[PDB]
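Below sits a lone chain in structure tokens, taken as the form solved without the partner chain.
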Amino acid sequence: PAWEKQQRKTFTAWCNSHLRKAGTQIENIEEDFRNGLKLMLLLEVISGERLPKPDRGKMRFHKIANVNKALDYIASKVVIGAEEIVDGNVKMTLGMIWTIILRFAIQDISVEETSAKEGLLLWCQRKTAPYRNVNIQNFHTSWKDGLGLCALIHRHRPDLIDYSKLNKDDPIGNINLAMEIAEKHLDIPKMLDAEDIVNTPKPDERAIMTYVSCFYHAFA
């Protein structure tokens, strides 16, 4: 049930990490993409392609037309109705944004003949190989104690963190410490809530994949 809250936080932070490059931000993902304008902008920033010109009209049919420019573009890149987005359907909006994250942050990742989600997982497993207290098997329970994230940072930037000093006792601090370092030194905004991750039996993998993908791109 806490999945919506986790996706809202993380997907909003991810969107904002890109929209800032176009001079704007969103705040409330359940309403701020209704008119399609910032959704089109997001797609342009992350794809590097131009979309058709937006319609700044205020009525429903103007919004449908903008949202279609976005959905039709997405459909051209990936192997839902505009009304769902224009009507502020929360589940469908989060689903649409996951589609975008998966396509533009994750799909093109390729490591050892392994692509997309599976490729990002293999990369994480390769980079955390040296750490005996880490066992990445998935994008949920494997990341709960914060050591995985800390290890990703240490593997590339041992100047930024003393990994030996860490252990499983303080998962909340482990997660926050990684996020603080990433924000301060890797230009990666904080996209998770440490409390939610630790206190949920199975954290939301879409949220975790989103954040972890930012580390992949920072270090590539």
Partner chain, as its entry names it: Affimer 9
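Numbering follows the first chain given and starts at 1.
There is another form of the same protein, the form solved in complex with the partner chain; it is not shown, and what comes next is about it.
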{"query": "is_contact(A65, the partner chain) in the deposited bound form, heavy atom dist at most 4.5 Å", "finding": "no"}
{"query": "4.5 angstroms heavy atom contact with the partner chain in the deposited bound form for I161", "finding": "yes"}
{"query": "Close approach of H185 to the partner chain in the deposited bound form, 4.5 Å, heavy atom", "finding": "yes"}
{"query": "4.5 Å heavy atom contact, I29 to the partner chain in the deposited bound form", "finding": "no"}
{"query": "Contact segment among 165-173, 30-38, 46-54, 65-73, judged by heavy atoms lying within 4.5 Å of the partner chain in the deposited bound form", "finding": "165-173"}
{"query": "Those residues of 179-209 which, in the deposited bound form, come within 4.5 Å of the partner chain by heavy atom", "finding": "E180, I181, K184, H185, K190"}
